[PDB]
Amino acid sequence: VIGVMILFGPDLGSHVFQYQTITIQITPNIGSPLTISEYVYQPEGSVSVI
Amino acid sequence: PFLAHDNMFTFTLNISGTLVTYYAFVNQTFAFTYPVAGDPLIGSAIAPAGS
């Protein structure tokens, strides 16, 4: 099991995703990629679950 | 002059042993919320369970 963490810089840190469709794609060199895709409504407790 | 068209309603409070009236004016129907009991998280209008 590997862990992945994404840190936001100033360019992208000025936006808070609300009612949008965030999507990530991890593409290795050989093999199928991994496309995460979610829809985030609102945050809570400074740490959400999706 | 705009207060000649709003819907005025009053309410009185007996603060510091002297009656102090008030006058609240509204120019359009609207509704709001406010916490009454058991609301730890304040800042995002998220009503906790049992609040």
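When we count neighbours, we look across all protein chains shown, and the Cβ atoms used for this are built from the backbone with ideal geometry, even at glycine. The numbers here are math on the coordinates, done by the rules we state, and not lab data.
Distance from a point 7 Å along Cα→Cβ of B:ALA45 to each backbone N in the range A:4-34: keep the residues under 15 Å and list them by number.
Only A:19 pass the distance filter.
Tell me whether chain B comes out rounded, prolate or oblate; compute the Cα gyration tensor, take square roots of the eigenvalues as a ≥ b ≥ c, and use a/c under 1.5 as the rounded threshold.
Cα axes put chain B in the oblate bin.
Amide H of A:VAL40 versus every other amide H placed in the peptide plane: which residues, excluding those fewer than 5 positions away on the same chain, fall under 5 Å?
Amide H to amide H, under 5 Å and 5 or more residues apart or across chains, A:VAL40 pairs with A:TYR19, A:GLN20, A:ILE22.
Let me make sure I get this right: for the protein assembly as shown, a, b and c are the square roots of the gyration tensor eigenvalues over alpha carbons, sorted descending. Under 1.5 in a/c it's rounded, otherwise prolate if a/b > b/c, else oblate. Which is it?
It is prolate, given that a/c is not under 1.5 and a/b is the larger ratio.
Roughly how many nanometres apart are two label points built 7 Å out from the Cα toward the Cβ at A:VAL49 and A:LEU7?
According to this spin-label approximation, the distance is 2.8 nm.
Using the Karplus curve 6.51 cos²θ - 1.76 cosθ + 1.60 with θ = phi - 60°, what ³J(HN,Hα) values do you get for each residue of the range B:8-21, in whole Hz, with x for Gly and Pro?
Values, residue by residue: 8, 9, 10, 7, 10, 10, 9, 8, 6, x, 10, 6, 10, 7 Hz.
Taking neighbour Cβ counts within 10 Å as the exposure measure, how do B:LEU19, B:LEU41, A:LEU7 sort from fewest upward?
A:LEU7, B:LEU19, B:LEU41
Under 8 Å for C-alpha pairs, at least 6 residues apart: give me the relative contact order for chain A, rounded to a whole percent.
RCO, chain A: 30 percent.
Report the relative contact order of chain B, percent, no decimals, based on alpha-carbon pairs under 8 angstrom and at least 6 residues apart.
26 percent
Among the chymotrypsin sites (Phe, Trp or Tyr not before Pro) in the range B:1-45, which ones are in a DSSP loop with at most 14 other Cβ atoms within 10 Å of the Cβ? Mind listing them?
Those satisfying the criteria are B:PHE30, B:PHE32.
When the Kirkwood hydrodynamic radius is evaluated over all pairs of different C-alpha atoms of the range A:7-50, what value in angstrom, to one decimal, is obtained?
Answer for the range A:7-50: a Kirkwood hydrodynamic radius of 12.5 Å.
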